[PDB]
Amino acid sequence: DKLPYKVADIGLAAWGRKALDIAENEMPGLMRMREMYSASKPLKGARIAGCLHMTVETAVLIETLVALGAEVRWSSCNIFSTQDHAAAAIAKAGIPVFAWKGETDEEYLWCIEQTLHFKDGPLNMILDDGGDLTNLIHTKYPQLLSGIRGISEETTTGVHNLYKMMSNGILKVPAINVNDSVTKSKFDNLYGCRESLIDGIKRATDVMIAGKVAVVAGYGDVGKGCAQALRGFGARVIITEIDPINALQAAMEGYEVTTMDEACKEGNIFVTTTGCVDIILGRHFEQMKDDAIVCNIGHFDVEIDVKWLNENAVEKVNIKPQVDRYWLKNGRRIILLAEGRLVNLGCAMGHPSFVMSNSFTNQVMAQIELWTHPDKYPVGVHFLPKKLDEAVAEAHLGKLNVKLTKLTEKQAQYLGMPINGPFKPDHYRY
Amino acid sequence: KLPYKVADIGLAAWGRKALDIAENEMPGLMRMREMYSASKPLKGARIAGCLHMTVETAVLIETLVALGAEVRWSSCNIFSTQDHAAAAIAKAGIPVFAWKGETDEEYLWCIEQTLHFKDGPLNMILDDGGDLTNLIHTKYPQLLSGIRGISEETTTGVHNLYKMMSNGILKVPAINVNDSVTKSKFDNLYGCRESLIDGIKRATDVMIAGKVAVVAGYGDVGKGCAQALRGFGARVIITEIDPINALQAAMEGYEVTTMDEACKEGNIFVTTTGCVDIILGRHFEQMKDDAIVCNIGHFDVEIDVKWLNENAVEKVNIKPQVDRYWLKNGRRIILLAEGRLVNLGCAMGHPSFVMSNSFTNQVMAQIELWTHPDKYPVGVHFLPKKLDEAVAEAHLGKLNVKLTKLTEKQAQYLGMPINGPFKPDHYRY
Amino acid sequence: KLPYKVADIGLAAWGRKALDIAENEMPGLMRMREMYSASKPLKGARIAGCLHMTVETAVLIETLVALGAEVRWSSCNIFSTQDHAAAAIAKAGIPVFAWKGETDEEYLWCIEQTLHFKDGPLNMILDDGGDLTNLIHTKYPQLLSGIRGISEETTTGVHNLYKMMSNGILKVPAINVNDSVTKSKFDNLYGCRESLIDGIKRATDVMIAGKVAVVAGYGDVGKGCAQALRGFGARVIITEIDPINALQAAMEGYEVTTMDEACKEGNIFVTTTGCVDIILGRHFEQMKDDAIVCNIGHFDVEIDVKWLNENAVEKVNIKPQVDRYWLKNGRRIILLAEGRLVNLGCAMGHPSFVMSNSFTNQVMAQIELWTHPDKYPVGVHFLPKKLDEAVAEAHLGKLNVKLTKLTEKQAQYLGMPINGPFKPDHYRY
Amino acid sequence: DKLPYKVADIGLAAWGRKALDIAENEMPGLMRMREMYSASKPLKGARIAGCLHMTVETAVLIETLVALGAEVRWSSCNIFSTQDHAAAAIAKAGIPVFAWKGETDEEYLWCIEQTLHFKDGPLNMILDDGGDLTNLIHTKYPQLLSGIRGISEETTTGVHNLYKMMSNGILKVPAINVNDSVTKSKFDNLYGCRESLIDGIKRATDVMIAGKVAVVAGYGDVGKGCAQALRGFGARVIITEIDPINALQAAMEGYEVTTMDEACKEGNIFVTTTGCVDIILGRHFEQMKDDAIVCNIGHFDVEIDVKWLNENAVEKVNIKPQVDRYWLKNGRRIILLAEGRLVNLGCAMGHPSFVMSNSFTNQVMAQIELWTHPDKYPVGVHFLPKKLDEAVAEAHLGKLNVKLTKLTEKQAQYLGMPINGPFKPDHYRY
Ligand SMILES: NC(=O)c1ccc[n+]([C@@H]2O[C@H](COP(=O)([O-])OP(=O)(O)OC[C@H]3O[C@@H](n4cnc5c(N)ncnc54)[C@H](O)[C@@H]3O)[C@@H](O)[C@H]2O)c1
Ligand SMILES: NC(=O)c1ccc[n+]([C@@H]2O[C@H](COP(=O)([O-])OP(=O)(O)OC[C@H]3O[C@@H](n4cnc5c(N)ncnc54)[C@H](O)[C@@H]3O)[C@@H](O)[C@H]2O)c1
Ligand SMILES: NC(=O)c1ccc[n+]([C@@H]2O[C@H](COP(=O)([O-])OP(=O)(O)OC[C@H]3O[C@@H](n4cnc5c(N)ncnc54)[C@H](O)[C@@H]3O)[C@@H](O)[C@H]2O)c1
Ligand SMILES: NC(=O)c1ccc[n+]([C@@H]2O[C@H](COP(=O)([O-])OP(=O)(O)OC[C@H]3O[C@@H](n4cnc5c(N)ncnc54)[C@H](O)[C@@H]3O)[C@@H](O)[C@H]2O)c1
Ligand SMILES: NC(=O)c1ncn([C@@H]2O[C@H](CO)[C@@H](O)[C@H]2O)n1
Ligand SMILES: NC(=O)c1ncn([C@@H]2O[C@H](CO)[C@@H](O)[C@H]2O)n1
Ligand SMILES: NC(=O)c1ncn([C@@H]2O[C@H](CO)[C@@H](O)[C@H]2O)n1
Ligand SMILES: NC(=O)c1ncn([C@@H]2O[C@H](CO)[C@@H](O)[C@H]2O)n1
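What follows is the structure, given as structure tokens:
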């Protein structure tokens with residue numbers, strides 16, 4: 003007596019399928035997983051609850067998991083990130099999906115709850131992005147924990163939470179940290195944001211980047227890509243940081259590194275990338291240039307104090323969906339994107355398919371590892387082996403017409419490594 | 004007769020909000036309003052405009068009206084109208100005939116609606132690409148003697164004016180706005196550096212990083228396009244006919260080769276030449292699977308779209324202005340905006356700040372021609388450097404740029420007028 | 004009289020090896036030799052040259068001689084001579100009066116040695132910065148009627164020629180070589196992009212990454228300098244008097260402010276203005292400890308070196324052309340090349356490939372003035388675009404650039420001559 | 003009856019001292035070690051044999067070790083890298099140093115042998131760059147191993163050798179891998195090469211970079227910096243790689259990735275960064291463009307087959323020290339820099355002082371850790387703790403006028419980290 007799916011408009015499915023066809027041809031990693039494993043069906047018996055942005059890219063991931071034998075039920079991990087034509091295509095394919103663009107907070111929680119119960123029993127695998135599904139099970143459904151073989155987690159904030167859960171004795175299910183595969187963190191977080199930040203800002207505002215001062219809070223993988231994107235279009239980028247190593251990197255790349263207390267007086271565009279609370283506050287907003295654009299690409303909605311704007315502005319003018327222009331008591335305006343929620347996914351289409359093929363090939367590999375080799379994965383947080391990490395990269399080289407060199411026997415002996423790798427030590431930072 | 008013709012007048016409120024935001028990004032145009040709204044230098048002008056009907060152009064239109072002109076408007080491209088901007092203009096009582104997705108015949112009908120005002124025929128032309136200019140000269144020559152001047156926005160349009168003049172067929176004075184320094188070195192370069200990728204992304208959501216991109220032409224537009232693609236991690240290959248532009252591209256680290264070679268390597272193709280026959284059937288047949296092909300230069304003639312329509316074995320419309328073709332060789336080609344300007348057809352054109360440079364020049368040109376016509380005999384003219392410098396200066400405050408002033412000692416040393424102009428007429432910036 | 008005067012003729016063999024390497028990087032000059040060595044268009048010319056006596060200039064000198072000229076040479080800067088290049092020229096029998104580290108009086112003596120040949124006084128000038136031009140006009144006016152033409156290398160020199168002409172005091176026709184497209188947009192820009200950092204590094208070995216660098220001026224030289232510093236991870240701040248150049252710098256992501264503000268922040272200061280009084284005592288007094296200060300523009304007047312010498316409390320010579328001053332405030336300033344051109348004074352100037360563009364223009368200018376003087380009345384002239392394009396084309400093969408040729412259909416469409424020139428005279432590239 | 007030092011010309015000492023004074027003011031990390039530890043003298047009793055490029059930067063390191071109480075004896079680890087004025091200043095200061103620019107291979111070995119015996123006994127600490135000192139002791143002087151408390155090793159190839167020695171049971175002394183401190187590998191190897199490669203090429207050849215094709219073999223930290231430097235000056239850079247992850251990084255940065263077998267036909271400049279043998283061979287040289295410039299910035303002299311040039315060229319013309327122009331049987335010329343040895347140190351001045359202050363502050367810290375806390379360091383290869391790594395970066399922020407943000411108590415609680423760090427997990431790649 004439960005809904006089979008819930009999406010904005012299943013009639014968008016034909017357009018969705020065209021977008022999926024294009025994406026498949028950009029995602030050789032996922033297509034190789036299908037070629038290699040569609041017959042052997044390694045995920046047979048798996049019942050995967052997924053909580054991850056319901057985008058065209060994610061649809062390709064979902065169909066890969068199903069091709070490999072899994073049953074899947076899906077929700078988005080963000081109220082604005084669903085692409086309704088992708089959700090429609092997945093629903094039309096008979097896969098239970100509960101996701102649409104513009105969910106309320108109540109609807110969001112309800113959608114996750116729809117993914118827990120399958121025909122043959124409760125979920126036995128978690129594929130998570132940000133840990134909401136992980137946390138829901140541990141907090142509200144502890145009786146389901148014993149039946150879950152593994153968790154794979156997509157993003158930096160999610161994995162931070164898993165390590166904290168483990169250190170405090172709260173984690174009860176083995177997890178693979180997908181974020182920190184080399185082929186995820188050094189590609190998705192960096193090159194993905196380098197394209198999708200600007201895409202979000204532009205679709206929302208059509209603002210010129212050239213000539214502006216842009217303030218980027220944080221200089222981790224996300225901040226590095228955001229800063230590079232903005233600099234490339236001729237913004238002058240100012241960085242804030244708490245970590246002296248990341249701060250020194252930023253200075254050595256030619257960026258001014260200062261505090262938000264100083265930078266708020268100069269920025270025309272503000273991007274938060276920190277995964278931390280209380281980055282942009284009332285005292286900052288009051289000092290900003292007129293029509294400063296403020297957005298978050300890090301986590302949830304707490305980097306920016308959106309509550310302060312709602313409480314203190316004279317008026318909030320909605321410009322269009324996910325774009326609000328606040329008029330402050332000082333007579334100046336602030337343009338806030340996506341209510342302070344992820345701007346690339348909320349105001350544009352998130353990362354492009356090619357780089358998401360890296361991240362999602364790691365996801366499929368992690369699901370196969372946890373489902374088929376559980377003995378290798380005790381309760382705790384684990385990485386994929388370097389050999390598989392390398393294999394993700396190798397699967398994407400052909401599409402780019404990259405010609406990789408093979409070591410000669412003489413060179414392999416000289417270096418003391420195998421011809422087929424792995425080629426780097428475990429601590430290598432790339 | 005119709006007061007206007009637009010897609011949906013109900014879009015006017017949203018249009019107005021977008022115009023409000025754009026005004027705050029366009030200090031040059033707002034300064035023209037501050038300076039000239041009382042004195043109304045364009046009183047008596049009846050300006051027919053043919054220029055992409057975007058949010059940015061709406062700000063220009065309302066500036067012309069604030070300065071006392073009567074205006075009637077059409078777009079210069081069948082896909083470039085932003086319907087909310089058109090609706091806001093219509094709602095404000097200004098005759099505009101423009102919508103996204105015109106037929107070719109509707110396009111001409113729209114230009115024709117701009118020619119006659121209550122008080123008489125048009126007496127000024129504001130053009131982008133020469134269609135209004137050519138229409139009057141070829142079909143309505145009886146209207147020419149009543150037109151005081153033409154201002155022309157874009158490289159292809161000004162090329163046509165110079166050709167008309169050399170052939171003795173130009174009959175109205177024109178100002179070349181494209182070749183103001185503050186237009187050509189800003190709009191054509193930095194505008195395309197942002198809006199090319201915006202068009203490609205909204206249309207395809209393709210990853211740029213890791214791709215080979217082939218840019219045909221390395222003029223102002225090609226320079227901006229190449230820099231954009233390289234910034235996102237594409238490997239950019241350039242084609243050129245001019246050895247100077249070619250050497251520039253080589254000295255910036257780009258491979259410069261022919262399209263006959265580059266067609267085998269590119270994943271993304273962008274034409275920027277203003278020339279016919281850049282991408283042909285023999286090129287399409289060699290392209291990598293799902294190569295994305297688009298034009299940012301002129302009209303629809305850089306890419307042989309006719310060839311694709313006639314020779315593909317499948318053609319699937321993905322969404323408006325995005326078509327995916329399957330060739331006999333089994334490979335696919337993705338064509339944007341039917342080969343028409345991709346930045347305006349698949350996205351929103353250049354952002355407002357840089358359009359404020361171009362459009363401040365347009366307002367200055369209209370004022371010069373309308374109020375000082377004897378300074379402009381039949382022929383093609385530039386705005387004075389002093390005015391060109393003034394356009395730039397008007398945008399410095401928004402960016403918090405602090406300009407240095409020469410001391411009297413330094414001005415004497417340089418033999419330079421202390422308030423400019425600061426460069427000789429041949430200076431290339 | 005002396006056959007030459009150089010530091011050490013024993014350096015000639017090493018000089019010749021360096022010239023051999025440079026010739027293979029200078030296809031424009033080598034092409035001039037291939038085309039004109041038999042016909043000897045410069046037969047009868049007696050060229051006095053005043054231009055940095057470097058390896059690159061040695062290739063130019065031997066090209067002029069190959070084309071039939073007699074030549075006598077001096078450097079235009081007291082620190083820019085490369086002694087091995089000077090020795091190779093001297094060994095080849097060419098009168099050259101140049102060494103690194105001349106006194107100001109020796110500098111003038113060297114120019115004076117170039118004026119008289121066996122067959123009579125000079126009849127052509129090849130100048131860089133106007134010193135030879137000014138010397139003749141002011142001290143040897145009786146020689147003017149015997150001089151057929153002047154070609155001038157650099158922005159400051161051509162500025163002086165235009166001033167002379169407007170004041171009615173220029174008495175010999177001149178060609179402005181600086182403002183060939185293939186000179187100004189290449190040498191001034193890409194040359195400085197490499198040779199500024201070479202000068203700073205050889206002098207100081209300072210890390211660029213992490214520093215704030217202040218570049219005064221954003222013309223061709225300032226653009227090249229700023230890009231170089233940014234590429235290595237310096238944060239670059241720009242000063243400018245021209246609102247157009249200022250807006251360019253802002254649109255490229257640089258902070259544009261005054262020297263009065265920037266002096267408090269910079270670790271490296273580079274002057275590129277061609278103007279007096281850019282860095283003054285009030286600036287030095289505010290600078291970060293061990294700020295490195297240098298000039299790449301003109302003469303020694305951009306930086307107030309007199310102020311440092313008079314006001315520092317300590318001055319220590321680190322090595323040739325590097326001085327470290329201690330100010331009364333206890334902080335240190337490092338001054339390069341006594342405020343003279345840092346790229347030529349502390350390193351080797353621009354690399355040979357880009358100098359081949361500049362120097363091919365110089366050879367073309369000398370040929371034009373010597374063989375077609377009636378085309379050049381007294382005044383300041385440009386080389387024709389056709390020749391400018393030819394300079395670029397002559398360098399494409401070395402870089403393996405493949406230039407596209409228009410089809411006859413395309414040339415008709417564009418109304419363009421199929422072999423060029425391809426751009427109108429106002430084109431800015 | 004042994005020499006007290008051996009240098010090119012001790013009369014260069016006054017110029018050397020001026021260069022050292024300038025460098026000190028660029029090296030706040032080393033100067034902070036002096037401020038903090040010159041009175042307590044933590045290295046008292048240490049007798050450190052050092053084998054590391056005898057440059058101005060290294061002189062500042064040497065004087066720091068002596069200020070901290072160590073006795074030191076020094077040699078260079080490269081026959082061309084010594085800066086004779088720096089060596090003179092160290093000799094004049096009474097420190098035994100055996101180093102000059104342009105040593106023969108025999109003289110090189112002799113110089114290392116001079117650093118082993120002190121007045122009060124044999125060395126009891128090793129500071130090494132490339133492992134020659136480490137290998138000499140293990141192979142020729144095993145009886146000295148028991149008296150050595152620790153090894154600190156500077157460079158990637160050196161540390162590779164230490165791990166191999168450990169895996170084969172040959173390492174008998176505890177070692178700290180300095181190369182893989184974050185503040186070394188991500189700064190020295192990357193930003194150092196980004197400046198010093200071009201400096202070497204320019205001083206040797208004065209070649210224009212703009213317009214050229216440059217081929218960079220390897221895209222690790224060194225290759226990344228070299229490629230960026232060359233691209234910045236307008237070369238078109240082609241990368242070769244054996245590792246699919248590094249290769250994908252290069253492609254995503256806009257470089258063509260192909261094999262040397264293809265790239266040798268196109269390159270005008272060749273830079274080897276691999277640490278591997280047999281990168282540029284006869285079959286490559288024969289296909290190169292006329293006057294191709296060929297150089298190595300990786301390891302020793304075996305990346306480039308210099309022996310092939312010597313055996314097969316028609317003639318070798320010496321242009322000036324460390325620059326040779328070979329005329330081949332095909333009539334074309336090859337310009338080889340520094341006989342295939344490190345081009346940045348051999349043809350220029352190596353990395354600038356500021357970034358060497360990061361590397362050498364790690365060296366001082368490693369010497370203090372091994373000398374004063376030996377119980378923490380069993381036989382094996384170890385990293386410096388992240389807290390010290392962060393402290394190296396923090397010590398350089400003031401010179402750059404960087405303003406680092408401090409977490410609030412609320413933020414530190416939210417993130418679950420200490421206000422004073424460390425701020426990243428052990429696996430973080432920066
Ligand atoms: N929107 C997306 O598509 C996307 C993609 C990847 C990751 N993410 C999210 O982005 C965020 C950042 O991810 P990351 O991988 O870059 O993590 P990271 O740990 O590499 O970088 C975060 C940086 O923020 C800095 N920081 C923390 N608090 C700060 C403060 N108060 N002020 C200034 N700097 C501060 C840290 O020192 C760190 O260097 C995470 O929330 C992650 O889940 C989003
Ligand atoms: N979409 C836009 O927003 C936008 C903006 C500005 C200009 N434009 C248009 O873009 C086009 C280019 O303008 P521009 O200012 O760069 O002009 P330009 O003259 O500076 O550059 C065009 C270049 O194309 C080269 N070229 C010509 N034919 C060629 C061919 N067959 N193959 C390779 N190269 C060839 C020329 O040598 C020239 O360097 C024009 O049509 C102009 O109207 C469009
Ligand atoms: N060292 C070299 O190898 C080399 C090479 C080429 C040119 N030059 C010399 O470099 C200088 C600059 O040449 P260019 O071609 O760039 O000329 P330019 O005219 O293009 O640029 C100089 C810029 O300085 C700006 N300026 C003038 N006075 C200023 C001041 N007080 N403060 C800030 N900005 C100011 C001007 O607005 C102008 O934009 C000239 O002296 C020229 O002869 C040297
Ligand atoms: N000259 C200097 O100042 C300097 C500075 C730092 C490091 N180094 C040295 O530079 C070298 C590289 O150091 P790194 O830190 O970049 O190491 P790295 O391991 O990060 O990079 C080396 C790269 O070379 C690649 N490689 C190996 N064999 C190859 C082959 N046959 N063809 C193509 N690519 C190949 C590897 O895949 C790797 O990515 C080492 O020898 C190191 O000791 C020199
Ligand atoms: N197009 C997409 O589906 C997309 N774009 C970005 N992300 C993921 O969103 C996560 C943040 O929630 C990041 O870790 C990315 O991997 N997914
Ligand atoms: N946003 C806009 O209205 C816009 N964007 C680009 N262009 C103009 O379109 C012309 C090409 O028709 C160029 O010359 C630009 O000036 N207009
Ligand atoms: N290597 C060289 O001989 C060299 N380098 C730079 N310049 C010239 O020096 C002039 C400044 O005097 C500039 O216009 C350059 O053309 N010459
Ligand atoms: N200026 C210098 O002393 C210098 N420059 C580079 N390197 C070191 O040289 C090692 C290679 O032998 C690298 O790991 C660098 O840390 N030292």
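Keeping their order, the protein sequence lines are chains C, A, A' and C'. A prime marks a further copy of an entry chain.
Basically PDB author numbering = 1-based index in the first sequence + 2.
Basically PDB author numbering = 1-based index in the second sequence + 3.
Basically PDB author numbering = 1-based index in the third sequence + 3.
Basically PDB author numbering = 1-based index in the fourth sequence + 2.
We put the beta carbon where it would ideally sit given N, CA and C, even for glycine.
Taking all protein chains shown into account, do 16 or more other C-beta atoms lie within 10 angstroms of the C-beta of residue i, making it buried, or fewer, making it exposed?
i, result
"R285/C", "exposed"
"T141/A", "exposed"
Looking at chain C', is there any beta carbon in it that lies within less than 8 Å of the beta carbon of residue i?
i, result
"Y257/A", "yes"
"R34/A", "no"
"residue 1/C", "Any question about residue 1/C goes unanswered here, given that chain C covers just 3 to 432."
"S198/C", "no"
Check the Cβ-Cβ distances between residue i and every residue of chain A, and say whether any is below 8 Å.
i, result
"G236/C'", "yes"
Roughly how far, in whole angstroms, is the beta-carbon of residue i from the beta-carbon of residue j, given that I think they are within contact range, below 8 Å?
i, j, result
"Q85/C", "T57/C", "5 Å"
"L32/A", "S359/A", "5 Å"
Taking one C-beta from the stretch 148-165 of chain A' and one from the stretch 178-188 of chain A' each time, how about it: are there three or more such pairs within less than 8 Å?
-> Yes: at least three Cβ pairs fall under 8 Å.
Hey, which unbroken runs of the alpha helix (DSSP H) at 4 residues or more fall wholly within the stretch 266-352 of chain C'?
-> Annotation: the stretch 266-352 of chain C' contains the following complete segments of the alpha helix (DSSP H) (minimum length 4 residues), in chain order: 284-287, 308-314, 345-349.
Three CB pairs or more closer than 8 Å across the stretch 25-42 of chain A' and the stretch 117-125 of chain A' = Too few Cβ pairs lie closer than 8 Å, so no.
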